[PDB]
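Worksheet: the structure to be examined is printed underneath.
Just so you know, all these numbers are worked out from the coordinates, no wet-lab data involved. Counting neighbours? That spans all protein chains shown, and the Cβs are built from the backbone with ideal geometry, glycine included.
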Amino acid sequence: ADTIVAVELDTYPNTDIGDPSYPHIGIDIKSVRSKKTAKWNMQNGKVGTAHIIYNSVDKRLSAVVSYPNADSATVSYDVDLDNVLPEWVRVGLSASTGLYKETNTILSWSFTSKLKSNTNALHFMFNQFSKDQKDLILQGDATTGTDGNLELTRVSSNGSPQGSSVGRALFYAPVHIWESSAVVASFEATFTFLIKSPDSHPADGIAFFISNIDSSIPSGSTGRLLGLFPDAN
Amino acid sequence: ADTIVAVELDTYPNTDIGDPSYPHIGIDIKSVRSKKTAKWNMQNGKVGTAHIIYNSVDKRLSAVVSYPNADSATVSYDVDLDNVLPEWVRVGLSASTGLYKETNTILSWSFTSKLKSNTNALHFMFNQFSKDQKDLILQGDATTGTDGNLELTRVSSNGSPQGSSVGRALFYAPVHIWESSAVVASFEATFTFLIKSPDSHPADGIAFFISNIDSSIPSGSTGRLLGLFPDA
Amino acid sequence: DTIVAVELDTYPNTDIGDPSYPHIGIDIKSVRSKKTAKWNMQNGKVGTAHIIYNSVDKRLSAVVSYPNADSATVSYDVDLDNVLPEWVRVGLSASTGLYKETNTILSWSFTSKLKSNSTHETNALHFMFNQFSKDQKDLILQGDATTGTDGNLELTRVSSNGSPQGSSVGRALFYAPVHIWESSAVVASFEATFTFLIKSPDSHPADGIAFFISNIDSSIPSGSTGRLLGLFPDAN
Amino acid sequence: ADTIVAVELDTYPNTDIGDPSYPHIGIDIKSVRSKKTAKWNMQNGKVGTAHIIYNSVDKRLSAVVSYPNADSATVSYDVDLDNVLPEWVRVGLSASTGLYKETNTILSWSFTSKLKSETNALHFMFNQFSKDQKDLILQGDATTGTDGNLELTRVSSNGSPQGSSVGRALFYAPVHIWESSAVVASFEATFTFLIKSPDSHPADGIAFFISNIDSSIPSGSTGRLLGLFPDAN
Ligand SMILES: CO[C@H]1O[C@H](CO)[C@@H](O)[C@H](O)[C@@H]1O
Ligand SMILES: CO[C@H]1O[C@H](CO)[C@@H](O)[C@H](O)[C@@H]1O
Ligand SMILES: CO[C@H]1O[C@H](CO)[C@@H](O)[C@H](O)[C@@H]1O
Ligand SMILES: CO[C@H]1O[C@H](CO)[C@@H](O)[C@H](O)[C@@H]1O
Ligand SMILES: [Ca+2]
Ligand SMILES: [Ca+2]
Ligand SMILES: [Ca+2]
Ligand SMILES: [Ca+2]
Ligand SMILES: [Mn+2]
Ligand SMILES: [Mn+2]
Ligand SMILES: [Mn+2]
Ligand SMILES: [Mn+2]
């Protein structure tokens with residue numbers, strides 16, 4: 001299937017498939033059963049920030065999720081992505097709903113990859129998303145243009161979120177994420193999100209992910225699979 | 001056909017289609033008959049640099065082509081690209097040969113687009129090109145493994161350039177080059193080239209170009225059309 | 001010494017060559033702008049200033065926009081090789097006089113690049129400020145200029161009640177000298193961006209904000225409050 | 001005295017003050033006795049590259065020193081620089097000679113600091129150094145030339161390096177290296193060097209360092225102290 005490396009912002013505890021008992025941030029390598037998580041004090045209706053980083057020296061994937069004037073949640077996992085991802089990848093944001101629902105609004109998204117050989121660089125930054133955003137591949141229920149925002153999960157005209165939704169946005173350009181004859185390689189992602197819900201239960205979450213170039217939404221990956229994974233193994 | 005805005009580095013004077021009597025740099029808007037040129041003191045076998053720039057305020061497309069420790073050649077043309085290019089474009093390098101040949105080697109290529117609305121940004125930079133460069137669309141005789149270099153025109157194993165060759169590389173991502181509800185829009189391209197020839201006559205040149213997304217090499221655009229244009 | 005500036009002039013001083021309306025202007029070695037443009041200044045709304053110049057076009061351009069309003073633009077063709085010293089400092093100035101306004105800077109970005117003729121490589125400086133701390137050690141504050149109040153740079157005196165004060169001058173310069181041009185340069189570009197909030201109780205707000213490039217050792221000239229925007233000694 | 005955090009490129013083994021028996025790269029925190037080293041295959045007369053990085057998430061200072069077409073040497077040390085450096089610092093390159101001599105030529109120097117609270121950022125990049133480089137504070141025998149290079153140690157008119165030399169260049173601007181109300185803070189330094197010597201013994205090395213703003217060359221910091229430290233404690 002697809003090869004997926006992802007940082008999950010999991011809003012629904014699915015303790016059946018190895019989630020903790022609370023909303024968490026987690027690093028998923030080839031599986032939705034995170035290789036490390038951390039308690040996340042998710043704030044319904046407030047605009048949060050995700051910072052993802054990795055470099056070829058430390059070989060450690062790290063993430064930080066803050067709200068302004070609250071303590072950040074952090075998670076790190078040591079992983080050689082040379083042994084996990086293909087040389088050439090695409091980068092994306094995924095989200096999902098199931099029985100429970102939430103808005104999965106992305107307000108901004110930045111990414112930077114650098115690769116000094118034995119530098120090549122890509123950088124994109126989105127603070128506005130247009131009705132036809134030709135440098136984005138939208139999959140599933142994903143839309144651009146409403147208030148200049150990327151809405152990853154289905155939302156009605158009245159701004160009310162929908163259940164059993166999966167949706168992704170991938171940067172159109174392939175990315176050279178690692179090279180054999182490389183001395184240093186870094187990448188860095190940043191996105192802002194707004195997750196609103198009517199219910200005491202919001203579900204199911206947003207992820208930043210790196211996949212094989214041709215990656216598509218796996219079948220029935222709505223809900224607890226965050227549109228990333230086919231099964232819950 | 002394709003909509004083409006380009007900065008030509010023309011090494012062969014084709015005075016029949018409006019070239020000056022000397023190697024020149026020129027700004028082509030929807031035509032190979034440049035809207036302004038400037039004398040270019042092209043150096044066979046030396047590594048040169050091209051800088052292209054434009055912004056929504058000045059609305060002026062400018063180019064500089066230098067060799068280290070030589071006087072630069074410059075050309076500018078005032079053009080509102082809102083009235084010329086589509087909102088969404090691709091960026092690329094083209095080159096060509098005809099009766100006469102040159103190596104059209106690209107050693108580096110950088111591009112930056114910015115767009116502050118009523119900022120979004122793209123940046124790529126290439127100093128090495130790999131055997132399979134998946135963020136480049138190579139058209140025509142264009143190759144990337146070489147020696148870390150983009151070779152836009154056919155070159156044999158002994159490093160000798162070939163005649164009647166056309167070849168392009170476009171950045172895979174579409175680029176948002178202008179917007180109606182924009183306050184400022186900038187772009188900037190930079191490439192290094194090495195143009196070598198055995199002959200006194202090298203031909204026919206390299207261009208940086210911005211086109212419609214689906215742009216392909218027009219038919220028999222070898223030689224004086226630099227792989228950009230169908231006719232003159 | 002030498003001032004090159006983009007003025008955001010909120011008070012028409014028609015005696016020293018201002019138009020009859022609030023304007024944006026390019027001042028070279030004088031407060032009598034070399035070109036202006038009508039500016040529809042919005043009291044209490046957050047605007048944006050974009051300044052740009054390059055060694056090829058040799059044209060200094062500015063855009064001042066308010067969200068969902070027309071941009072005002074001004075350009076002037078000038079070779080800054082013949083005007084500024086090789087090495088400069090960059091800054092924001094503001095002032096008040098009879099009429100007053102808040103001269104609040106909420107963000108300030110600057111980028112200089114300088115690709116050389118000898119070598120292939122570029123020299124570059126970049127700073128970006130979105131927050132300003134109580135002690136901002138990479139800023140030289142002159143006059144009534146302060147940092148820390150809501151993480152903003154307040155260029156003119158503002159009392160405890162948040163009410164702006166008259167007869168105030170104040171500047172902030174980036175601590176590092178900037179190499180703005182070189183003889184053996186092929187291209188040289190610079191770009192400044194700042195957000196401002198200009199609020200006033202009066203129908204008359206005064207007197208304005210400028211981005212400026214000066215000699216390194218530049219200080220607030222004597223009685224440059226009011227119409228001289230803390231940039232110029234006399235109104236010549 | 002001065003507070004010094006540095007990445008040493010040590011070319012002379014001073015085993016009496018805790019150097020390994022070979023040329024090494026090391027991470028020095030408030031002392032010339034490195035907190036971690038690594039064997040460095042120093043190449044006399046070839047142009048090398050130093051890459052330093054650190055971030056507030058991992059809190060790990062990492063360095064890589066390569067030559068073209070040779071294996072890089074790497075060193076990392078986990079350190080919270082919040083507990084070590086002052087909030088505001090200056091950045092610099094130091095070098096030295098003693099009994100033995102080497103050219104300590106810097107051909108390029110780049111630095112980038114970021115600080116998300118919007119983000120504050122500084123970036124400078126030098127590929128050419130002018131006769132009067134007004135954004136650099138040169139201390140000791142440090143010069144900038146019409147060869148376009150920063151020469152940290154005394155070099156005669158014969159292109160021949162001199163003994164008992166100390167010399168530093170600090171970026172003129174203070175740098176905000178950390179903040180209490182920060183979510184992420186990163187920095188990254190890169191410099192190219194050429195270290196040439198007539199002898200089999202070259203000495204004594206180059207460092208990238210972060211210090212207190214008002215930092216000056218300590219007394220008798222020639223030779224094995226690399227112009228960084230007063231004593232060898
Ligand atoms: C009871 O679990 C269901 O609802 C949750 C909440 O959305 C989903 O995560 C999950 O996939 C199921 O559809
Ligand atoms: C005789 O002219 C031919 O050869 C030159 C040299 O390339 C081309 O420019 C031109 O288009 C023709 O093909
Ligand atoms: C009547 O003019 C006075 O007030 C205006 C308003 O600021 C100033 O510009 C000027 O210097 C004078 O002090
Ligand atoms: C005996 O060692 C001396 O020479 C070496 C070589 O430079 C220096 O490192 C050291 O400080 C002393 O001056
Ligand atoms: Ca879950
Ligand atoms: Ca021609
Ligand atoms: Ca005035
Ligand atoms: Ca030593
Ligand atoms: Mn989970
Ligand atoms: Mn021509
Ligand atoms: Mn005026
Ligand atoms: Mn040592």
If residue C:94 satisfies all but one of (1) in contact with a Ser or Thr (Cβ under 7 Å, 6 or more places away or on another chain); (2) within 9 Å of another protein chain (Cβ to nearest Cβ); (3) among the small types (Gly, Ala, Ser), what's the number of the condition it fails? (2)
Within region B:22-31, the count of residues that are more than 10 Å from ligand 10 (Cβ to nearest atom) and closer than 14 Å to residue B:203 by Cα comes to 1
Selection from region C:200-221 of residues surrounded by fewer than 21 Cβ atoms within 10 Å (Cβ to Cβ), within 20 Å of residue C:33 (Cα to Cα) and not hydrophobic (A, V, I, L, M, F, W, C) yields C:215, C:221
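Taking residue C:110, is it more than 7 Å from chain D (Cβ to nearest Cβ), in a loop (DSSP other than H, G, I, E, B) and within 26 Å of residue D:134 (Cα to Cα)? Full working, then the answer.
On the way: more than 7 Å from chain D (Cβ to nearest Cβ): yes; in a loop (DSSP other than H, G, I, E, B): no; within 26 Å of residue D:134 (Cα to Cα): yes.
Spelling it out, it is not the case that residue C:110 is more than 7 Å from chain D (Cβ to nearest Cβ), in a loop (DSSP other than H, G, I, E, B) and within 26 Å of residue D:134 (Cα to Cα).
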Restricting region B:82-101 to residues that are assigned to a strand (DSSP E or B) and of a type in the set (A, V, I, L, M, F, W, C), the residue that is farthest from residue B:60 (Cα to Cα): B:95
Residues of region A:6-26 that turn out to be crowded, with 22+ Cβ neighbours inside 10 Å and more than 11 Å from ligand 5 (Cβ to nearest atom), as a count: 3
Looking at region C:98-110, is at least one residue surrounded by fewer than 16 Cβ atoms within 10 Å (Cβ to Cβ) and at negative phi? yes
Whichever residue in region C:52-70 is in a loop (DSSP other than H, G, I, E, B) and more than 7 Å from chain B (Cβ to nearest Cβ) and, among such residues, is surrounded by the fewest Cβ atoms within 10 Å (Cβ to Cβ): C:70
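Out of D:15, D:49, which single residue is within 12 Å of another protein chain (Cβ to nearest Cβ) and more than 16 Å from ligand 3 (Cβ to nearest atom)? Don't jump to the end; show me each part of the working.
Details: D:15 fails: within 12 Å of another protein chain (Cβ to nearest Cβ).
Of D:15, D:49, the one residue that is within 12 Å of another protein chain (Cβ to nearest Cβ) and more than 16 Å from ligand 3 (Cβ to nearest atom) is D:49.
Look through region B:150-175, keep the residues that are of a type in the set (S, T, N, Q) and surrounded by fewer than 20 Cβ atoms within 10 Å (Cβ to Cβ), and return whichever of them is farthest from residue B:120 (Cα to Cα). Give the derivation first.
Narrowing region B:150-175 to residues of a type in the set (S, T, N, Q): B:153, B:156-158, B:160, B:162, B:164-165.
Pick out the ones that are also surrounded by fewer than 20 Cβ atoms within 10 Å (Cβ to Cβ) and you get B:156-158, B:160, B:162, B:164.
Numbers: B:156: 42, B:157: 43, B:158: 45, B:160: 43, B:162: 41, B:164: 40 Å.
By that ranking, first place goes to B:158.
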Residues that are surrounded by fewer than 19 Cβ atoms within 10 Å (Cβ to Cβ) and in a strand (DSSP E or B), drawn from region A:176-187: A:182
Apart from one, (1) aromatic (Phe, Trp, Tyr); (2) within 27 Å of residue B:46 (Cβ to Cβ); (3) within 14 Å of chain A (Cβ to nearest Cβ) all hold for residue B:209; the odd one out is (3)
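Could you tell me how many of the residues in region A:115-129 are buried (at least 19 other Cβ atoms within 10 Å of the Cβ), more than 7 Å from chain B (Cβ to nearest Cβ) and of a type outside the set (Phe, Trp, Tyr)? Walk me through it before giving the result.
The first filter runs over region A:115-129 and keeps only residues buried (at least 19 other Cβ atoms within 10 Å of the Cβ), leaving A:115-116, A:120, A:122, A:124, A:126, A:128-129.
Then drop every residue that is not more than 7 Å from chain B (Cβ to nearest Cβ), which leaves A:115-116, A:129.
Still in the list and also of a type outside the set (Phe, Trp, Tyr): A:115-116.
Residues meeting the conditions: 2.
Only residues that are closer than 11 Å to residue A:96 by Cβ and part of a loop (DSSP other than H, G, I, E, B): list them for region A:188-217, please.
Start the filter on region A:188-217 by keeping residues that are closer than 11 Å to residue A:96 by Cβ, which leaves A:203-207, A:217.
Passing the criteria: A:203, A:204, A:217.
Return the only residue of C:183, C:168 being closer than 25 Å to residue C:1 by Cβ, among the hydroxyl-bearing types (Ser, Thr, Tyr) and within 19 Å of the chain's Cα centre (by Cα).
Numbers: C:183 fails: within 19 Å of the chain's Cα centre (by Cα).
Step by step, each of C:183, C:168 is checked, and only C:168 is closer than 25 Å to residue C:1 by Cβ, among the hydroxyl-bearing types (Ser, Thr, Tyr) and within 19 Å of the chain's Cα centre (by Cα).
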Count, please, the residues in region A:37-72 that happen to be of a type in the set (D, E, K, R) and in contact with a helix residue (DSSP H, G or I) (Cβ under 8 Å, 6 or more places away or on another chain). 1
All-but-one check, residue D:83 against (1) within 14 Å of chain C (Cβ to nearest Cβ); (2) over 19 Å from the mean Cα position of the chain (by Cα), failing number (1)
Of all the residues that make up region C:113-135, how many are part of a strand (DSSP E or B) and either of a type in the set (S, T, N, Q) or closer than 29 Å to residue C:9 by Cα (or both)? 9
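Looking at this structure, is residue B:139 part of a strand (DSSP E or B) and within 19 Å of the chain's Cα centre (by Cα)?
Working: part of a strand (DSSP E or B): yes; within 19 Å of the chain's Cα centre (by Cα): yes.
Spelling it out, residue B:139 is indeed part of a strand (DSSP E or B) and within 19 Å of the chain's Cα centre (by Cα).
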Can you find even one residue in region D:4-15 that is aromatic (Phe, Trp, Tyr) and within 16 Å of ligand 4 (Cβ to nearest atom)? yes
For region C:22-42, which residues satisfy the criterion of being within 15 Å of ligand 3 (Cβ to nearest atom), out of contact with any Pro (no Cβ under 6 Å at 6 or more places or on another chain) and either part of a loop (DSSP other than H, G, I, E, B) or within 14 Å of chain B (Cβ to nearest Cβ) (or both)? C:22, C:31, C:32, C:33
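Do we have residue C:171 as away from chain D (no Cβ under 14 Å), touching an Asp or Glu at 6+ places or on another chain (Cβ under 7 Å) and basic (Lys, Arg) here?
On the way: away from chain D (no Cβ under 14 Å): yes; touching an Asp or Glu at 6+ places or on another chain (Cβ under 7 Å): no; basic (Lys, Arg): yes.
Judged against the criteria, residue C:171 is not a match.
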